[PDB]
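Q: experimental structure below, sequence on top.
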Amino acid sequence: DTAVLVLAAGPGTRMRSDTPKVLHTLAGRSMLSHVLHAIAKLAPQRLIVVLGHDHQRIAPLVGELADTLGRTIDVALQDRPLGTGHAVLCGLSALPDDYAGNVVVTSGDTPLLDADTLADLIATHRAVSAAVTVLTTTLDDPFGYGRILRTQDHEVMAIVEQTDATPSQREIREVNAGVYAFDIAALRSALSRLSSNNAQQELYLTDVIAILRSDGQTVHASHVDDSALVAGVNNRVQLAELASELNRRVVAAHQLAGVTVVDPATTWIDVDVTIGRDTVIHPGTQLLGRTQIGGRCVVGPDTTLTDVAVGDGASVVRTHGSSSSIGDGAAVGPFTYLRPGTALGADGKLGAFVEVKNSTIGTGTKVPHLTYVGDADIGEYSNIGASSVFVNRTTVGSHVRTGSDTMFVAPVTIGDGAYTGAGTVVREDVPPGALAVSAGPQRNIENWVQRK
Amino acid sequence: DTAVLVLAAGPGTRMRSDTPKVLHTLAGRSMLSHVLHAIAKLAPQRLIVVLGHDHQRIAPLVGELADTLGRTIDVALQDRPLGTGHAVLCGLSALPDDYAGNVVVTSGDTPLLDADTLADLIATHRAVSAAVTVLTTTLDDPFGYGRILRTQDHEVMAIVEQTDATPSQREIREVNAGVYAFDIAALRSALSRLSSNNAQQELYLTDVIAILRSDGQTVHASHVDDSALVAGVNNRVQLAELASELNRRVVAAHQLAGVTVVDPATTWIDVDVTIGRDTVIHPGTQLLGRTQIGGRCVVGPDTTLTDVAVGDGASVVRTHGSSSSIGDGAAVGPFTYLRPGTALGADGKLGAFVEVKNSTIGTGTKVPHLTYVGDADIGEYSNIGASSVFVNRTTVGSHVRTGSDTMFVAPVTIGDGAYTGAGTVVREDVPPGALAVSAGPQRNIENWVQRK
Amino acid sequence: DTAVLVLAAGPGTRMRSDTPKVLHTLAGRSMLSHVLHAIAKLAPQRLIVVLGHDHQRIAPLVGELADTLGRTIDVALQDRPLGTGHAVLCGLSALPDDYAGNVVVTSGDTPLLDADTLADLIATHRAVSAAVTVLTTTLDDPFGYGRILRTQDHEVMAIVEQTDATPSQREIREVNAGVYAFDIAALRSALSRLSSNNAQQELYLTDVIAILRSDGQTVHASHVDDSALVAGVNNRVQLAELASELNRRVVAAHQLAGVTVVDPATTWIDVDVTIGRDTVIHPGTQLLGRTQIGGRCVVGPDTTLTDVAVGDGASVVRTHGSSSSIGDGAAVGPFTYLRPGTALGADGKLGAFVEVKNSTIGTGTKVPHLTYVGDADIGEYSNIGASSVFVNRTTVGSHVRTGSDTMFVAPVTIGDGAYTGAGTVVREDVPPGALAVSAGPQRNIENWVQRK
Ligand SMILES: CC(=O)N[C@H]1[C@@H](OP(=O)(O)OP(=O)(O)OC[C@H]2O[C@@H](n3ccc(=O)[nH]c3=O)[C@H](O)[C@@H]2O)O[C@H](CO)[C@@H](O)[C@@H]1O
Ligand SMILES: CC(=O)N[C@H]1[C@@H](OP(=O)(O)OP(=O)(O)OC[C@H]2O[C@@H](n3ccc(=O)[nH]c3=O)[C@H](O)[C@@H]2O)O[C@H](CO)[C@@H](O)[C@@H]1O
Ligand SMILES: CC(=O)N[C@H]1[C@@H](OP(=O)(O)OP(=O)(O)OC[C@H]2O[C@@H](n3ccc(=O)[nH]c3=O)[C@H](O)[C@@H]2O)O[C@H](CO)[C@@H](O)[C@@H]1O
Ligand SMILES: [Co+2]
Ligand SMILES: [Co+2]
Ligand SMILES: [Co+2]
Ligand SMILES: [Co+2]
Ligand SMILES: [Mg+2]
Ligand SMILES: [Mg+2]
Ligand SMILES: [Mg+2]
Ligand SMILES: [Mg+2]
């Protein structure tokens, strides 16, 4: 039986942002969403999130996540940011007075922490009968982490914060993950002896280590060798470094599953995105939100797709697109903009300098050049001439061939198999198999240039 | 006298691809093409490629490479993938029964291996009178490589595969390159004593090391310090890592020859591409296939060119182009698409949101805006107005100035020095120095807006 | 009292460039400009730049920098590139015969050197009463640097150049920064004993170390732990590596100040660029010259802006722009080209496949699609229809709505609240509230397709 507390009530001053720290994103989720997904998979009996100033702006996000994850998540309020030890004390108040399960604590700014690392923690805590088990790791650059102090015995003595450490203690490379498991009674007891006489004038959760050691209680450190899983984010530099590490891992999982990613370093893939076998992804590409790519696609350099579905065997090159679907075998790009509600059929083509918004385009239809399609439905096997505009519902049937430089002034219906001449303004319905024209005849003015 | 065997008959299961492993590409060539180019420069007397399932899909590629490299390359068939030792046995069957030259073996998935490393191998093998010489290297991450086992003497004892190694042997950082030279008699003799009682149930070439050591034969390891040259590719993660290392080396060679590459990490340059002195290459750029760039060019950010020739002093910025030439001093981009058969003269200009396909455009001609040029020939010093379309041969002469929003309905000829008015549909020939028009006159409807 | 000499008269052969080495750029400034900015902040009494061949092409750049930095900078000429010791001798001739201040020497190809490192140097030189103080650092790859030779005592003995070092001395990882402070008398005295009998046949400044040690003079090495600050640039590979290190530091400073940079590795930010709090910068972005970005902007993937001002809350996505301003709340992109003299008002919109050149566009005005705006002034709250061209002054008033496929043949005035029909060629003034039209009526030709 375990209760997990997430400390998320700090002011996040080092982010220098008007967005609460724990709402900053990587790979398609806030740090708080990453942390809650990992814990929810671990499925503890209780899950409590400590919130502070701006609890108004965060608590709703937590409620949405509770639904999505289909479990209860309690919010405990911490009025003033008195320190991580104080935050835990606030967190404990959402538990019953007589709770006897283990208490796991972690921060909202350790967003790679995973369900396995948490389960191992609880497993080592239970195995060694610890009063406190602390996750640690070792880093080439330990700046800003609490340093782990050990006796000659290699026994854990204390955690000393960066601001409080000596120059010589700052060289210690073993760090506090800030992820812990506690016997609850031992935790209550240590928390009531915290004082804030330290460099930050805060009530440090980390002091409980030394306090419990005082009492002869069992204090266990568990080393996490994969440092990233417990890496923290205090500022935007660390946020970007961790986003990059997470992205390499996401790309690697796709590569091992059968996706060619020519250049992992310039391919950003959000966590929910799925990609089919074979699919080749070219450099400078972001696949964002719930984008789904099928098999044997080419997703060409410099493409950004957010919530876009792409079938198998499709080509989507130098394209910027959101909330759109692209059918099997279709060709999009280069230099194509898809706005929400675009649906392009199998074997369809949207070519260079084409933008589509809220339009359905049927199987095998091509819009190859310099055209805007807005709020229109176009049938199958049709061909829209270069440099045309759907001036916003206009319906265009199947096997239609419209001439270059046609404007379609909505609303208008173009029947199946109809043609339009080059340079037509279409303001009225065009019967099936009719040709609609409006351009006047060419006149040549001989020797105009000699004269003028 | 040496015979080189390339083992290329494995199923490549870890690639998770329906394309045979050895056909996956980096920097413009398949791994198999990289390996065969390196060996062909070494010019051994015999060159034998062992192929397996899908030999149908690969053997033709090998025949093409034999021609290109102007030498014979024999294909030996290995019916079932019984292991690397079995593959070598199959390879040896393409040699005469009584062959007496050295036998060099390497894999099809070590694509950075070069002619110099091979020549050094053969040189150390001959110098030390070895029965087997094995190339090794040492790696921070040796996962998946055979580990080199040495006595106290530092003498090579055995190679143990990843799947067969103990946890303690897995820590060994010295690895088997999988590149070997053998005395042929010693090789035949060891191969006939291989058994497949190991973790993969395969006939391991690597066992021949321990077998020859059994027989008191001379076993030599030659350390390759530049690890990349002998790095292997079993999966798409390794393929991308090696593609990135190869690309840094290709960019570095251009930089040292006089090319500014602002950002090597986001500049992909295929092996056959040539680039002139001074040329500045901006980030997010791929230069692919047989692209040739002259001197003092700017190849602007976010450009992809495949088989494109660009003269000296030209600017090619945010451009996506294939099978096209761009003359000296010409300006292309930003946001320009060149489709095959585009030829732009010296000092020509193809501007933003312009696409050209299968058209010749003469010296000093400008197509600056929002225009599609298809299947057309345009003369020298002409100017094509913005937002125009060549509606597909149309021929346009020299010193022509065509007005914005002109459609040219092929086939049509526009004589030298002719003009077109804005908004003309040109369906007939236009004499030299004539002005062609078709737009009707402007009518102003006063107070229309108050009313409607 | 100190005099600083910058050695900038070498031929720069390893750059393989027709542009003098010291004029190659990183982050918006030449190496020589970086070096002179750092020294000018240190504000020494004398500042002397030694120039050689091509002094004609560089001395003017130095004069401009003297003004900008508002101080005197003397140019000393070195006729032939006889070596760094000779260059210093030439530099000293711009000082009075009887100068008694310290002499600081540094090269023009150490462009990260900063005012603090220089001030520390002068401080250690004065503290230890040295005849020479040399900055050193230690590098994993010391290729091409002079190696620091020390006695058992850890005392500095000599500097040995790469070309002159033994294989065993080449393993030395402590290197000469090529940044020095000297007692002037000791420097004059050592320089007069230099000989050029060495591998490069040059007069090495580095020999003065061993010469002064000869004379029992005090020779001090000061170790710079941040190696980059003293890293040198002899070729384009090193230039790009240093440009990348400088760029990571510039991005990091913005991140710590409150700017989200999703991908530092593919975000290039020149040194003078300012960016407001919150602003999110997406991958594949260059912000160049004196670009200024306000707060809460999104500067979307694949954007290059040079000298562009962007207000607060604006969106500038897949945009290529120079010498332009974009007002607060405005939306630009994706696929938008801004040419010099573009001014877009607050809440304005320039959409996909739109190019603007030398035009002012008023508050709240939208040019959303496939349009060229050149040399035009457009008022407030107006809407320019898709696929239109300003055929170049044309003035368009406020609350205007122009139909798709309108050509504006300059010069022309469109009054406030006027409309244009789709497919209008506007060649004359349009009164306020008038509707201007020119397209002929649609004609449908029934059964044309059955027949033709
Ligand atoms: C004293 C302490 O705990 N320091 C640890 C903390 O440092 P660090 O300085 O990173 O701790 P933070 O300031 O990020 O705060 C910890 C977390 O608890 C929450 N919070 C913080 C203060 C508060 O009054 N109320 C509150 O709820 C915040 O949301 C924050 O996410 O994590 C590091 C790893 O990331 C560890 O190496 C440190 O040992
Ligand atoms: C037992 C063995 O050799 N292992 C070596 C092999 O591991 P590794 O596991 O990489 O060997 P692979 O499975 O890649 O097969 C070797 C190559 O031989 C060919 N092939 C393979 C099996 C087969 O039955 N027929 C066939 O022709 C394949 O095309 C393949 O390219 O290379 C590594 C370096 O890359 C070495 O460190 C290993 O010591
Ligand atoms: C002998 C010497 O000094 N070598 C140093 C020099 O090597 P390095 O070989 O880099 O020295 P360079 O060839 O770059 O020349 C030094 C600088 O002085 C100027 N110059 C050079 C030659 C000349 O005749 N006249 C002239 O004015 C050049 O502009 C150049 O920028 O810098 C390295 C660090 O970057 C140091 O590790 C080396 O100890
Ligand atoms: Co923290
Ligand atoms: Co028109
Ligand atoms: Co392999
Ligand atoms: Co130098
Ligand atoms: Mg804090
Ligand atoms: Mg295998
Ligand atoms: Mg030199
Ligand atoms: Mg038009």
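A: Cool, got the structure. Residues are numbered from 1 along each chain as shown, chains lettered A, B, ... in the order given. Ligands and ions are numbered 1, 2, ... in the order given.
Q: from now on I want contacts and neighbour counts done on CA atoms only, so please keep to that.
A: Fine.
Q: how about residue A:246, phi and psi?
A: Torsion angles at residue A:246 (phi, psi; degrees, to the nearest 10) stand at phi -60, psi -50.
Q: that one and residue B:238, how far apart?
A: Using Cα to Cα, to the nearest Å, residue A:246 is found at 18 Å from residue B:238.
Q: which one's more surrounded, the two?
A: Taking residue A:246 and residue B:238 together and counting by other Cα atoms under 10 Å in any protein chain shown, residue A:246 has the greater number of neighbours (22 against 17).
Q: surely that one touches residue A:113?
A: No: counting by Cα atoms under 8 Å, residue A:246 sits too far from residue A:113 to count as a contact (11.0 Å).
Q: and residue A:185, what is it in contact with?
A: By Cα atoms under 8 Å, 6 or more residues apart in numbering or on different chains, the contact list for residue A:185 is empty.
Q: so which strand or helix has it?
A: For residue A:185, the enclosing helix or strand under DSSP states H and E is helix A:184-191.
Q: what comes into contact with whichever helix or strand comes after that helix?
A: Next along the chain after helix A:184-191, taking DSSP H and E as the criterion, comes helix A:208-214. Helix A:208-214 has contacts (Cα under 8 Å, 6+ apart) with A:131-132, A:157-159, A:186-187, A:190-191, A:193-194, A:218-219.
Q: just among those residues, which is most surrounded?
A: Highest neighbour count within the contacts of helix A:208-214, by other Cα under 10 Å: residue A:132, with 26 neighbours.
Q: mind checking the SS state of residue A:118?
A: Look at residue A:118: counting by DSSP: H, G, I helix; E, B strand; the rest coil, its state is helix.
Q: just checking, it touches residue A:41?
A: No: the criterion here is Cα under 8 Å, and residue A:118 misses it with residue A:41 at 10.0 Å.
Q: domain parsing for chain A?
A: A:1-258, A:259-440 (curated CATH domains).
Q: and among those domains, the most buried is which?
A: Mean neighbour count (mean count of other Cα atoms under 10 Å in any protein chain shown) peaks for domain A:259-440 among those, with a mean of 24.
Q: does that domain reach chain B?
A: Yes: legend: contact between domain A:259-440 and chain B by Cα under 8 Å from any Cα of the partner chain is shown at A:259-264, A:266, A:277-278, A:283-284, A:302, A:334-335, A:352-353, A:369-370, A:386-387, A:404-405, A:422-423, A:439-440.
Q: and that domain, end to end?
A: Terminal-residue distance, domain A:259-440 (Cα to Cα): 54 Å.
Q: try stretch A:103-119
A: Length of stretch A:103-119, first residue to last, Cα to Cα: 13 Å.
Q: do that stretch and chain C meet?
A: No: Stretch A:103-119 lies out of reach of chain C by Cα under 8 Å from any Cα, never closer than 15.9 Å.
Q: distance from that stretch to the middle of the chain?
A: The chain centroid and the centroid of stretch A:103-119 are separated by 18 Å under Cα atoms, centre = their mean, to the nearest Å.
Q: is it in proximity to ligand 1?
A: Yes: Stretch A:103-119 is in contact with ligand 1 by Cα under 6 Å from any ligand atom, via A:107, A:108, A:109.
Q: check stretch A:13-33 too.
A: No: under the criterion of Cα under 6 Å from any ligand atom, stretch A:13-33 makes no contact with ligand 1; the nearest approach is 6.8 Å.
Q: work out the gap between that stretch and the centre of the chain.
A: For stretch A:13-33, the distance to the chain centre is 11 Å (Cα atoms, centre = their mean).
Q: can you list contacts of that stretch?
A: Stretch A:13-33 is contacted from outside by A:8, A:11-12, A:54, A:58, A:65, A:108-111, A:234-236, A:239, A:243, A:246-247, A:268-272, A:288-289, C:256-258, C:277-278, using Cα under 8 Å, 6+ apart.
Q: 7 Å - rerun?
A: For stretch A:13-33, the external contacting residues (Cα atoms under 7 Å, 6 or more residues apart in numbering or on different chains) are A:8, A:12, A:108-109, A:111, A:234-236, A:243, A:247, A:269-271, A:288-289, C:257-258, C:277-278.
Q: and stretch A:129-141, by the same measure?
A: The contact list for stretch A:129-141 (Cα under 7 Å, 6+ apart) reads A:125, A:173-183, A:186, A:217-225, A:227.
Q: now, the residues you listed that are in strands?
A: Using DSSP state E, the subset of the contacts of stretch A:129-141 located in strands is A:174-182, A:219-223.
Q: got a list of what the closest residue to chain B within the stretch 151-300 of chain A touches?
A: Across the stretch 151-300 of chain A, no residue is closer to chain B than residue A:258, which sits at 4.6 Å (Cα to the nearest Cα). By Cα under 7 Å, 6+ apart, the contact list for residue A:258 reads A:277, A:278, B:15, B:16, B:17.
Q: run through the helices of the stretch 251-400 of chain A in chain order.
A: For the stretch 251-400 of chain A, applying DSSP state H, counting those that start in this stretch gives no helices.
Q: interface residues of it facing chain C?
A: A:284, A:353, A:370, A:389 (Cα under 7 Å from any Cα of the partner chain).
Q: look up phi and psi at residue A:329.
A: phi 70, psi 0.
Q: what's near enough to touch the nearest residue to it once chain neighbours are set aside?
A: Once flanking residues are discounted, residue A:329 sits nearest to residue A:314: 4.3 Å by Cα to Cα, 6 or more residues apart in numbering or on different chains. Contacts for residue A:314 (Cα under 7 Å, 6+ apart) come out as A:297, A:298, A:328, A:329, A:330, A:331.
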